[PDB]
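Chemist: The structure under discussion is supplied below as structure tokens; questions concerning it will follow.
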Amino acid sequence: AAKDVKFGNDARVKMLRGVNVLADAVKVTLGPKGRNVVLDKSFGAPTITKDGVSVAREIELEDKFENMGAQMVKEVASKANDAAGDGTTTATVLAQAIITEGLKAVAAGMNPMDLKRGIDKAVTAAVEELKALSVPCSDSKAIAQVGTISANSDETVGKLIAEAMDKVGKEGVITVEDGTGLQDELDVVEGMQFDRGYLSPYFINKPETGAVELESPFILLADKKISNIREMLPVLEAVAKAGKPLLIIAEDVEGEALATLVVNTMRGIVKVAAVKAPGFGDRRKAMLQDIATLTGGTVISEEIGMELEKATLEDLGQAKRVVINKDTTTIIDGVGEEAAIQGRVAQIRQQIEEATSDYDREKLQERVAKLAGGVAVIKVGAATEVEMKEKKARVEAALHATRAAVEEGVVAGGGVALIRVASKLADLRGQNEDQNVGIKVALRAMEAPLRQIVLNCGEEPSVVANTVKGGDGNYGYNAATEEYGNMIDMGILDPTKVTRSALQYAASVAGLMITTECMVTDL
Amino acid sequence: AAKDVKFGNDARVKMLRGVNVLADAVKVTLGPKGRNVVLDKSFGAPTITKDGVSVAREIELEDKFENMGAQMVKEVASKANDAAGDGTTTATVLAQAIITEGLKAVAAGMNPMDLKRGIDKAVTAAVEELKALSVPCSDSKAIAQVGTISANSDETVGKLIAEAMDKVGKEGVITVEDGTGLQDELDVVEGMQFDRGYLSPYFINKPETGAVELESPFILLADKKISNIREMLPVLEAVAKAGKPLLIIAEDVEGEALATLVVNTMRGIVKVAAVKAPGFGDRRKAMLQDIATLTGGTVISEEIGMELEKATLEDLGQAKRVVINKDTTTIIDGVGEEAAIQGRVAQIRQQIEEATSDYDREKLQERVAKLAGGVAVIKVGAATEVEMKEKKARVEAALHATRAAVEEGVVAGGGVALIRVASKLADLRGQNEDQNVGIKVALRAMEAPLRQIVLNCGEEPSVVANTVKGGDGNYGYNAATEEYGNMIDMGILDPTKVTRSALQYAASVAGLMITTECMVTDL
Amino acid sequence: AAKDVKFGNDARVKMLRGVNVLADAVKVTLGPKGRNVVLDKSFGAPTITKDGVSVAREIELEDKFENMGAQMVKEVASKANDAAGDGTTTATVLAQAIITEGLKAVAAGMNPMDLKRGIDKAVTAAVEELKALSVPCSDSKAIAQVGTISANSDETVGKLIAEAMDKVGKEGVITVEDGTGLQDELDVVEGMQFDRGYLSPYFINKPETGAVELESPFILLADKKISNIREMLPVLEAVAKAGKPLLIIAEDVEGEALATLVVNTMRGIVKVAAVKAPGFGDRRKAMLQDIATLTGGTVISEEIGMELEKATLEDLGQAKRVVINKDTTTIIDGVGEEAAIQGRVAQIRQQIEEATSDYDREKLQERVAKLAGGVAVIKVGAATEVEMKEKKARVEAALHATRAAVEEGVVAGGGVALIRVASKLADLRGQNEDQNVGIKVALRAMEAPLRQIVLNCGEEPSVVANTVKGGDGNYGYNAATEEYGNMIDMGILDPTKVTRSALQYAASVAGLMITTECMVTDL
Ligand SMILES: Nc1ncnc2c1ncn2[C@@H]1O[C@H](COP(=O)(O)OP(=O)(O)OP(=O)(O)O)[C@@H](O)[C@H]1O
Ligand SMILES: Nc1ncnc2c1ncn2[C@@H]1O[C@H](COP(=O)(O)OP(=O)(O)OP(=O)(O)O)[C@@H](O)[C@H]1O
Ligand SMILES: Nc1ncnc2c1ncn2[C@@H]1O[C@H](COP(=O)(O)OP(=O)(O)OP(=O)(O)O)[C@@H](O)[C@H]1O
Ligand SMILES: [Mg+2]
Ligand SMILES: [Mg+2]
Ligand SMILES: [Mg+2]
């Protein structure tokens, strides 16, 4: 229809305003100081949102332009959020600062391209500085602190993460489940996880994560790849009597032949999942055997000459629940046999010793390791179910961040790294003045989030920022202490990766936002 | 219903205004200096457009008249864009200048017909001058520069094009694929391409290009033409078990008999493609054999007495993907057998040597050449998928332009050719004054785009244009240098063809636009 | 519902205004001087119309009354246009002048009936004068000029017509086809045309012309008339395998029996055409044989005892395309056999010589003549497809006009005949004064179109008209020359028929329009 066209700033302004609104809520929330926001819902009782991301998620802008601008930030932020596990807000905060300055520059009329380049250049420099700055992750006490940061002053989460982490081991994977009751429960789980993808996203379950969880899944394992439906079918027929959800393990399915027929021909209404059998070769078979024992189901192979058709439901094992993600597919708990599982482990363990070769040992050890498979399950209790879900989500985020953080190693929190890097960054100059300003802008952007925390403190961020900058080495302000001390000594460290991730995304967002000469919209 | 009728200028004005709006955005963008524009979308997050064409594409005018006028320019521009591969903006820019002047002339009330004729005459003269002006394409370094022009200061694209071009060879075809990852990958592809059309546009796939790509296509080759469905059918039945998309190679299908029955009788729901077998006669058979080996499928011929019905899926080969365009049909990668492919090539190669005759040698050599078939595949990485798509499109455009440019040979860029020609053109007179003015107008139009670049520079285009005109030979202004130097020496050259194409189209557009005595529209 | 009633002038005025609007656009366009008009379209990009008819066609009036009035003129004009092939505008121009005067007379309140009678009387007189005035058509150079007139200064069309005409021969029919490419191609076609009607308009194809064109038609010839479906059916069954469109040649079909069953019983969805076999008696058979040879199909006759059912598709010939019009049915190109066709021609030719009788000779010669059948095909190229269509239409119109013109013979163009006749006409008096005025009006009307051309010239038509009238013999003004010279000598001649046709229609229109005492419309 008729279009309303605006040029120049008009495009920017809408985005800017939208960004600010979203940013403002997020910024306040960010930092242990800040607090959450509330949203209405037509669907049901209104939703109250905490966590910076959630607040942003909740916030929608009536104005299309503003909303769209807001959306852009959010999407980037989420992406950073996923990878970092934390720092969603930080990216948002950074982006807002960058955008505003960039917009002003746009007002300046300096070509934004240089600025973007300068910003990117600055970002790269900052990243390098950060990496150098980053140091190894500290001990569990630090870990708890790391957890707390993700916690946003959720002491329990950090404690839980640390506790879970300790028992499982940092390396060991920890899984989160909804709490049985208000009190959290930490249980080591009997079961194994193997890294296998889901064949198709179609398989991917309802939840947003896209990990598929099956309730009481049935496990059919074929050492042989499941070439075609027909072999499968007689298994399926038993499955019809079944209907507890079916998980299928096959060495491989050729996508075209199976998928084409299956998808088009077959509705595939019945719940099914497919995963490639872990490992390859004998090891794969061995892994299958291990899985089979754990499942308590049996595996059918051509070599055995057992027929899939022949195999009944009984052959198929059952799992209490299975979760699958693209990276990995896990079975939370195969029913298994306690004796059987143990026996297999011992047998494998014996094998590990038996094999002279390291390689043989490794495969066996890996196999046993999986079978022993101490997976941590963490239950989060809550006063209410809703709370539990909220808590659980937070916990999960924290866990990821913590795990990443430990490996990456700690960097000073409080945006100390950001401020510190900026000073170094400032010296660096862009190719051209326009770039230079952008570079400066980026530096300014980095500084801001420190200020925000200070603002939450109510201390004047200027002094703090100045002081922070002045201090060499790792210098920072601890909100809780409200005292100056080494970040490391304080033990409050934000993950390198999260910081880096957020910054990069934020920078990207800002750059993208800046360059629009013109907008068109409908009237 | 009731009509709102306007006479004379009223018709023109709407078009003119519409043209200007579209043109303005395009003009600024054009040239390495310029920048892109943004568009909203109801469908999803708003679309931000760069590249002159895209900006134009994005821009829609609320006013029907204006929009229509804008559309007219765009359509012509695109046509020029396709052929030239570049210069979409240039044509638009040229058109706008011409149109405005023509409109003014219309205001003058001079009969536009003469003007159009004069313009056409001028265009022809200019074209001739350009052709003479044009010189052979320069080396790869120039090529990169050529690439950059298409790049619109996309250094990477030019580099990629040059790099791809070098390895493949200029003559060798280069294909672009989406990047696997952010980093670009250049891989020579194993596979052959043969120039065959698609039997029907119906076959033509979803994408706008209309080239059809099949995922994991199955290749059925019959040396014999596939007369009727019935012979095909048993192949199809196997195909039913199949469903990875089927590509059919047949010597010929008589359109009426097969098509009539097939289309009407048969939904043709299942994905299928048909291509004529390459070559004719023994050579065709030989080509088929080469294809068959590459595919790894087998070919069935009456002479063999193999039956299509008899032939199973296995006989049909598979391709990783196939792309078909009207001009040519290619298989990106037949699974083939590495040994088999090599062996065939050697055998053919031996044949080439064996044949005394040049003709025999040529056919064989062509066959081997296809089999060796170093096709370049270029993967474009991107920060985001969206970016990659955008980049890829740009890359593709650049590649076409570069290829065309090299063969055509370089002409001075910067609209140097255009300005230069105009001066010569000016001397030429139209038959009548009205024609004369039109001729002058065309000349003026040519000059303008040089100015636009200058304007982007911010230098006063008048001086530059004057200076450029003054210089004899190839004289031009390099935006980047902002120094006067030989265009050739500078090595920044716009393709002759692109320039010529754009000019002709623009002229055509302008002429068309000019002549409307009256408009009618609904109220 | 409620009606808005107007009496007297109110009815007229709407029509008059509508007429003027349509007329004005047309008048300007008419004459080589004039230019075309543009129209919008919701459907797609707006349609730009040239050619007087098209402009009129495009122009629609919002007002119902005006529109209706406009429509009336157009419809008559088109009718004249078809017959004349040219002079669509002229009729319109004439009508407008007549109508206005008549309306004024209506204002006068003189009974329009007399005026109409007077006008008719004047027209008749004028016609007689014109006929006497008309002279034989001139040579090809004139023909080109004739072509140009239809051309409306389309030099190419005239040239093409002349060129086509020369090769084909004036007598020989010329057919127009869309150009293969921009360059026109003139090819003599191998094929025969026979004058046969289409049995039913139902058969009549989609296009407005109503001529039916079949793509790759199949030709079934029965010497015997195709009495019933049943005999046909087995042919049809083969046809089902077919589906390239089927053309049927039968001696006769009794309408009721076949049609009733066929239409009602049978959807007749499958494309089919029926034509009566050319000629009757042995000659008809002979013609069929000639057709059959040309088609390459075979004919089945009862005498032969061949069965239609028995006859397969193979027996049926195929044609590249067939065009059928009510007057005649032609096959553009039967596949035929080159040798076969030639042989038949020779055989017939021998027969022609062989037959002593003129009658026998004539039939044979006609048969051979058809087989030799040099039909001219003219391809019109265009810059764009749209242009080509437009050009083609113009070309076709020109061809008809030219052919008619040549036979009729030339009359002075420029409305010279019209002006000349009027003077003579003026002397003639109507029965009564009211008639007299009408007669004068008609005379005035004739004069006007000369003026319009002059107006386009910008010369004052009064002087020209006066001068033209003054000159005895053929005196006229040549727009291009802008010099006075003999029309014949100038060689610019408008066809007698076209002029006569247009005048008569215009007069009819004017008369019809004039007499409405009252109008009623809805509110
Ligand atoms: N006591 C503290 N002293 C200094 N800064 C602190 C302290 N506790 C936390 N912070 C800082 O506050 C930020 C963590 O808060 P938060 O997790 O809300 O930010 P975020 O991760 O960007 O937002 P979200 O978690 O909603 O994505 C980090 O920069 C962290 O170092
Ligand atoms: N350094 C330079 N000096 C002079 N002119 C330059 C320079 N770099 C590019 N140009 C000119 O700018 C134009 C190329 O820009 P662009 O590709 O945007 O124009 P376009 O092809 O008409 O637009 P589009 O590519 O959007 O169709 C050419 O005329 C080219 O010669
Ligand atoms: N050089 C000329 N000198 C005099 N009159 C001319 C000349 N060329 C063409 N004409 C006249 O102009 C008229 C032909 O133009 P045109 O074909 O547009 O009129 P039309 O046939 O009535 O309109 P249309 O072709 O749209 O129906 C004729 O009367 C013809 O004699
Ligand atoms: Mg956080
Ligand atoms: Mg370009
Ligand atoms: Mg005409």
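Just remember, in the structure tokens the first chain shown is A, the second B, etc., residues are 1-based per chain, and ligands are 1-based in the order shown.
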Among the residues of stretch 121-212 of chain B, find those DSSP assigns to strand (DSSP E) from the backbone and print them as a PyMOL selection string.
Modeler: chain B and resi 174-178+185-189+193-194+212
Chemist: Could the residues of chain B that have an atom at most 6 Å from chain A be listed as a Markdown table, each with its closest atom pair and the distance in Å to one decimal, counting only C-alpha atoms and ordered by chain and ascending residue number?
Modeler:
```
| residue | atom | partner | partner_atom | distance |
| --- | --- | --- | --- | --- |
| B:37 | CA | A:518 | CA | 4.9 |
| B:38 | CA | A:519 | CA | 5.0 |
| B:39 | CA | A:520 | CA | 5.1 |
| B:40 | CA | A:521 | CA | 5.4 |
| B:62 | CA | A:2 | CA | 3.2 |
| B:242 | CA | A:257 | CA | 5.5 |
| B:243 | CA | A:260 | CA | 5.3 |
| B:244 | CA | A:256 | CA | 5.1 |
```
Chemist: For the residues in the current selection, export N, CA and C atoms as a PDB file, in the first residue's frame.
Modeler:
```pdb
ATOM      1  N   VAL B  37      20.319   0.976   2.057  1.00  0.00           N
ATOM      2  CA  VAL B  37      19.091   1.486   2.615  1.00  0.00           C
ATOM      3  C   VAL B  37      18.409   0.356   3.340  1.00  0.00           C
ATOM      4  N   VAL B  38      17.355   0.653   4.131  1.00  0.00           N
ATOM      5  CA  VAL B  38      16.732  -0.393   4.897  1.00  0.00           C
ATOM      6  C   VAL B  38      15.268  -0.442   4.565  1.00  0.00           C
ATOM      7  N   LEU B  39      14.651  -1.634   4.720  1.00  0.00           N
ATOM      8  CA  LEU B  39      13.244  -1.794   4.465  1.00  0.00           C
ATOM      9  C   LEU B  39      12.623  -2.502   5.634  1.00  0.00           C
ATOM     10  N   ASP B  40      11.321  -2.245   5.876  1.00  0.00           N
ATOM     11  CA  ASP B  40      10.584  -2.983   6.866  1.00  0.00           C
ATOM     12  C   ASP B  40      10.007  -4.199   6.207  1.00  0.00           C
ATOM     13  N   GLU B  62       4.326   4.222  -2.408  1.00  0.00           N
ATOM     14  CA  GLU B  62       2.965   4.080  -1.993  1.00  0.00           C
ATOM     15  C   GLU B  62       2.102   4.448  -3.153  1.00  0.00           C
ATOM     16  N   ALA B 242      12.655 -45.222  -4.055  1.00  0.00           N
ATOM     17  CA  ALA B 242      13.522 -44.083  -4.020  1.00  0.00           C
ATOM     18  C   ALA B 242      12.686 -42.939  -3.550  1.00  0.00           C
ATOM     19  N   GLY B 243      12.949 -41.729  -4.072  1.00  0.00           N
ATOM     20  CA  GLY B 243      12.310 -40.574  -3.524  1.00  0.00           C
ATOM     21  C   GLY B 243      13.372 -39.574  -3.238  1.00  0.00           C
ATOM     22  N   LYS B 244      14.639 -40.019  -3.213  1.00  0.00           N
ATOM     23  CA  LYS B 244      15.650 -39.040  -3.455  1.00  0.00           C
ATOM     24  C   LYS B 244      15.390 -38.602  -4.856  1.00  0.00           C
TER      25      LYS B 244
END
```
Chemist: I'd like to know which residues of stretch 202-288 of chain A are alpha helix (DSSP H) (by DSSP, run on the backbone); could you write them as a PDB file with C-alpha atoms, in the first residue's frame?
Modeler:
```pdb
ATOM      1  CA  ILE A 229      11.288 -49.687   7.399  1.00  0.00           C
ATOM      2  CA  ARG A 230      10.459 -53.244   6.534  1.00  0.00           C
ATOM      3  CA  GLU A 231      12.998 -54.759   8.854  1.00  0.00           C
ATOM      4  CA  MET A 232      11.909 -52.233  11.423  1.00  0.00           C
ATOM      5  CA  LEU A 233       8.261 -52.878  10.899  1.00  0.00           C
ATOM      6  CA  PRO A 234       7.824 -56.051  12.852  1.00  0.00           C
ATOM      7  CA  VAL A 235       9.564 -54.312  15.703  1.00  0.00           C
ATOM      8  CA  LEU A 236       7.115 -51.506  15.181  1.00  0.00           C
ATOM      9  CA  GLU A 237       4.197 -53.870  15.263  1.00  0.00           C
ATOM     10  CA  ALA A 238       5.231 -54.902  18.725  1.00  0.00           C
ATOM     11  CA  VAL A 239       5.680 -51.212  19.252  1.00  0.00           C
ATOM     12  CA  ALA A 240       2.060 -50.709  18.362  1.00  0.00           C
ATOM     13  CA  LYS A 241       1.210 -52.798  21.383  1.00  0.00           C
ATOM     14  CA  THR A 260      11.958 -40.015   1.718  1.00  0.00           C
ATOM     15  CA  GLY A 281      33.486 -50.637  14.060  1.00  0.00           C
ATOM     16  CA  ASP A 282      33.902 -53.145  16.825  1.00  0.00           C
ATOM     17  CA  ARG A 283      34.003 -50.345  19.316  1.00  0.00           C
ATOM     18  CA  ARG A 284      30.658 -49.223  18.047  1.00  0.00           C
ATOM     19  CA  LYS A 285      29.386 -52.725  18.519  1.00  0.00           C
ATOM     20  CA  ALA A 286      30.940 -52.796  21.934  1.00  0.00           C
ATOM     21  CA  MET A 287      29.318 -49.514  22.756  1.00  0.00           C
ATOM     22  CA  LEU A 288      26.056 -50.926  21.560  1.00  0.00           C
TER      23      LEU A 288
END
```
Chemist: Counting only C-alpha atoms and all ligand atoms, what are the residues, protein, DNA or RNA alike, that approach ligand 3 to within 6 Å? I want them as a list in words.
Modeler: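 Checked against 6 Å with only C-alpha atoms and all ligand atoms; the hits are residues 30, 31, 32, 51, 52, 53, 86, 87, 88, 89, 90, 149, 150, 152, 413, 414, 415, 477, 478, 479, 480, 493 and 494 of chain C.
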Chemist: So how far away is atom CA of residue A:455 from atom CA of residue A:467, in Å?
Modeler: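 For atom CA of residue A:467 relative to atom CA of residue A:455, the distance reads 14.9 Å.
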Chemist: Quick one: residues within 7 Å of stretch 400-407 of chain C, only C-alpha atoms, excluding same-chain residues fewer than 6 positions away - as a PyMOL selection string?
Modeler: chain C and resi 84-86+137+143+146-147+150+495-496
Chemist: If we count only C-alpha atoms, what is near stretch 194-197 of chain B at a cut-off of 9 Å, once residues fewer than 2 positions away on the same chain are taken out, given as a ChimeraX atom specification?
Modeler: /B:192,199-200,274-279,287,324-331,370
Chemist: Suppose you want the space between atom CA of residue A:19 and atom CA of residue A:79; what is it in Å?
Modeler: 16.7 Å
Chemist: Nearest to residue B:447: which of B:145, B:482, B:426, B:223 is it, counting only C-alpha atoms?
Modeler: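 Of all the options, B:426 lies closest to residue B:447.
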Chemist: Quick one: residues within 8 Å of stretch 210-218 of chain B, only C-alpha atoms, excluding same-chain residues fewer than 6 positions away - as a list in words?
Modeler: residues 256 of chain A; 201, 203, 204, 244, 245, 246, 247, 248, 316, 317, 318, 319, 320, 321, 322, 323, 324, 325 and 326 of chain B
Chemist: Any idea what's packed within 8 Å of stretch 175-190 of chain A, counting only C-alpha atoms, ignoring anything in its chain fewer than 3 positions away? Could you give it as JSON, numbers by chain?
Modeler: {"A": [164, 168, 332, 333, 334, 372, 373, 374, 375, 376, 377, 378, 379, 380, 381, 382, 383, 388, 389, 392, 395, 396]}
Chemist: Which distance in Å separates atom CA of residue C:342 and atom CA of residue C:222, to one decimal?
Modeler: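 Going from atom CA of residue C:342 over to atom CA of residue C:222 covers 22.3 Å.
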Chemist: Can you pull out every residue within 9 Å of residue C:91, counting only C-alpha atoms, but drop anything in the same chain fewer than 4 positions away, and send it as a list in words?
Modeler: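 Contacts, in chain order: residues 73, 76, 77, 80, 81, 87, 95, 96, 499, 501, 502, 503, 504, 505, 506 and 507 of chain C.
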Chemist: Grab the residues selected above and save them as an mmCIF file, in the first residue's frame with N, CA and C atoms.
Modeler:
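Printed below is selection28.cif as written:
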```cif
data_model
loop_
_atom_site.group_PDB
_atom_site.id
_atom_site.type_symbol
_atom_site.label_atom_id
_atom_site.label_comp_id
_atom_site.auth_asym_id
_atom_site.auth_seq_id
_atom_site.Cartn_x
_atom_site.Cartn_y
_atom_site.Cartn_z
ATOM 1 N N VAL C 73 -19.381 4.755 -29.649
ATOM 2 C CA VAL C 73 -18.557 5.172 -30.742
ATOM 3 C C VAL C 73 -17.559 4.093 -30.999
ATOM 4 N N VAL C 76 -18.767 0.985 -32.875
ATOM 5 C CA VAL C 76 -18.972 1.190 -34.275
ATOM 6 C C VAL C 76 -17.628 1.300 -34.911
ATOM 7 N N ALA C 77 -16.714 2.038 -34.259
ATOM 8 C CA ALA C 77 -15.448 2.319 -34.864
ATOM 9 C C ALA C 77 -14.765 1.017 -35.112
ATOM 10 N N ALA C 80 -15.993 -0.714 -38.114
ATOM 11 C CA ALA C 80 -15.460 -0.126 -39.304
ATOM 12 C C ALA C 80 -14.035 -0.554 -39.392
ATOM 13 N N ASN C 81 -13.351 -0.576 -38.237
ATOM 14 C CA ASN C 81 -11.946 -0.847 -38.219
ATOM 15 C C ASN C 81 -11.737 -2.200 -38.796
ATOM 16 N N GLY C 87 -8.661 3.283 -40.591
ATOM 17 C CA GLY C 87 -9.632 4.336 -40.588
ATOM 18 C C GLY C 87 -10.472 4.223 -39.361
ATOM 19 N N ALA C 95 -17.405 10.747 -36.553
ATOM 20 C CA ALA C 95 -18.587 10.588 -35.765
ATOM 21 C C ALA C 95 -18.676 11.741 -34.821
ATOM 22 N N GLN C 96 -17.539 12.119 -34.214
ATOM 23 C CA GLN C 96 -17.587 13.111 -33.183
ATOM 24 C C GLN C 96 -18.096 14.376 -33.788
ATOM 25 N N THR C 499 -12.058 4.388 -46.225
ATOM 26 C CA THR C 499 -12.644 5.684 -46.059
ATOM 27 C C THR C 499 -14.126 5.520 -46.058
ATOM 28 N N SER C 501 -15.911 2.930 -45.439
ATOM 29 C CA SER C 501 -16.424 2.180 -44.333
ATOM 30 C C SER C 501 -16.516 3.091 -43.156
ATOM 31 N N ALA C 502 -15.435 3.848 -42.895
ATOM 32 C CA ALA C 502 -15.383 4.635 -41.700
ATOM 33 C C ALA C 502 -16.493 5.630 -41.754
ATOM 34 N N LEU C 503 -16.686 6.257 -42.926
ATOM 35 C CA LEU C 503 -17.628 7.332 -43.011
ATOM 36 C C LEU C 503 -18.980 6.787 -42.696
ATOM 37 N N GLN C 504 -19.321 5.626 -43.284
ATOM 38 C CA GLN C 504 -20.659 5.134 -43.155
ATOM 39 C C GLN C 504 -20.912 4.849 -41.711
ATOM 40 N N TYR C 505 -19.946 4.193 -41.044
ATOM 41 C CA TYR C 505 -20.151 3.805 -39.682
ATOM 42 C C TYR C 505 -20.295 5.044 -38.866
ATOM 43 N N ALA C 506 -19.420 6.035 -39.110
ATOM 44 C CA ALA C 506 -19.418 7.205 -38.286
ATOM 45 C C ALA C 506 -20.757 7.847 -38.421
ATOM 46 N N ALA C 507 -21.275 7.911 -39.660
ATOM 47 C CA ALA C 507 -22.528 8.566 -39.882
ATOM 48 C C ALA C 507 -23.562 7.829 -39.103
#
```
Chemist: Smallest atom-to-atom distance to residue C:174: which of C:291, C:514, C:509, C:399, using only C-alpha atoms?
Modeler: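 Residue with the minimum atom-to-atom distance to residue C:174: C:399.
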